[PDB]
Every structure is written in structure tokens, then in C-alpha cells.
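Report on the structure given below.
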Amino acid sequence: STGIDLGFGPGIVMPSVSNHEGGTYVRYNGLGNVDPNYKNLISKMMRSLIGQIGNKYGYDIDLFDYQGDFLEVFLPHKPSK
Amino acid sequence: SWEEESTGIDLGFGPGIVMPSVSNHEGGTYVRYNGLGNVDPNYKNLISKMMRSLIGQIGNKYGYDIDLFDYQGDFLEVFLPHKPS
């Protein structure tokens, strides 16, 4: 097995990236058939990672997890200061 | 009809908690996520691939050569360079 299939093929992760007035959204879908304990782990890991990157470089990167089929990361165009 | 317990995976910091360990070395900050030895390896690989994709998008946008170090062991490590590309 080349790994978990989220709907894009074995082992494939394929975000959609879109440009908005205030920043860029990076959306990861296909999370509907992820184990509930690991859906939580994925969300907590991504939240920690973007907090560390934001701490280092000064951007208010944010994560939206409405407990469904997808996660979305917001990358502001401008630094916080 | 069936549903399992969803209390939270414990990586060593308490159920459901993720903690980084942060250090500074040759040209950047290293962020190490320890405690992954008992994570289902199928999900560890998915998390690694999602992290690699996300740091690629972030590094492209903001102009830093952020990288991921994965040895298929009990940690994942992200490198955040001090200076832009």
C-alpha cells in the first residue's frame, strides 16, 4: 500500500490554494474517513506547526477546523506588525 | 451503530496534546515533534505529507526555505531558516 487514500490516490495529499483580499487559504479535504482520534491529532499537529511558524516569522497564520471533511489554513498577506 | 472511545492520543504531554521542542543551530530554528513512536504509521506518514505540503506553501509565499526532516522514526522535525531565500 502506497498509504492512506483521501480520494486522490494512495498516499496523495492535494491541497487547494486560493487568493483572497486579506490572505491565502490552503484547504485540505478528504478527511471524512479519517479515524476520529487521528482527525484530532492531525488538527492539533497542524495548529502547533503554524503557531511555531507564526512565532518565528511574525505572521498571524490561522487554522479553521469545523470538525468535518476538511481543514483550511489562512496565510495573511501582511505581517502582524 | 458502533463507535470507539475518542479521548485523545498521548504523545507524552497528556491526552490530545501536541508539544514542540525548539532549538537554534546552523542557520535556523529546529522544531521537533517527539513522542510519535506509537502513532499508527499510516497516519504518521499522512501527517508528514500534510506538513511537507503546508510548509511548502508557506515557504513559497513568505520566501523562506522551510524544510521537513522525517527519518520514519519517533519524531518529525521542521527547519525554519533565520534568513530568507
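Note that each Cβ is placed from the backbone with ideal geometry, even for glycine, and that neighbours are counted across all protein chains shown. Readers should treat all values here as calculations from the given coordinates under stated rules, not as data from a laboratory.
Listing for the model above:
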| item | result |
| --- | --- |
| GNM flexibility winner over chain B from B:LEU46, B:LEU68, B:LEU11 (Cα, springs under 10 Å) | B:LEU46 |
| Relative contact order (percent, whole number), chain A, Cα cutoff 8 Å, 6+ residue spacing | 29 percent |
| Selection from B:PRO41, B:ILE58, B:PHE69 lying farthest towards where the dipole of the stretch B:21-81 points positive, charges on Cβ | B:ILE58 |
| Binned Cα-Cα distances of the stretch A:1-42, short to long, each 10 Å bin given as a whole percent | 26, 43, 24, 6, 0 |
| Descending semi-axes in whole angstrom, ellipsoid equivalent of chain A, from the Cα gyration tensor | 25, 14, 11 |
| Kirkwood-Stokes translational diffusion coefficient of the stretch B:34-85, alpha-carbon pairs, 4 °C, 1.567 mPa s, µm²/s | 111 µm²/s |
| Sorted by Cβ density within 10 Å, fewest first, the residues A:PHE8, A:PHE70 | A:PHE8, A:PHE70 |
| Helix A:36-57 axis, angle to chain A major axis (alpha carbon atoms, nearest 10°) | 20 degrees |
| Rounded to whole Å, sorted largest first: equivalent-ellipsoid semi-axes of the protein assembly as shown, Cα gyration tensor | 25, 20, 15 |
| Too-long pairs where the Cα-Cα distance tops 19 Å, listed order kept, from A:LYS44/B:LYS61; A:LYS44/A:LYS78; A:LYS39/A:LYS78; B:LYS44/B:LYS83; A:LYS78/B:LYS61 | A:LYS44/B:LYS61; A:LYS44/A:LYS78; A:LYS39/A:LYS78; B:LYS44/B:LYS83 |
| Shielding by partners - mean other protein chain Cβ count within 10 Å, residues of B:64-73 | 1 |
| Residue mean of other protein chain beta carbons inside 10 Å, B:16-22 | 4 |
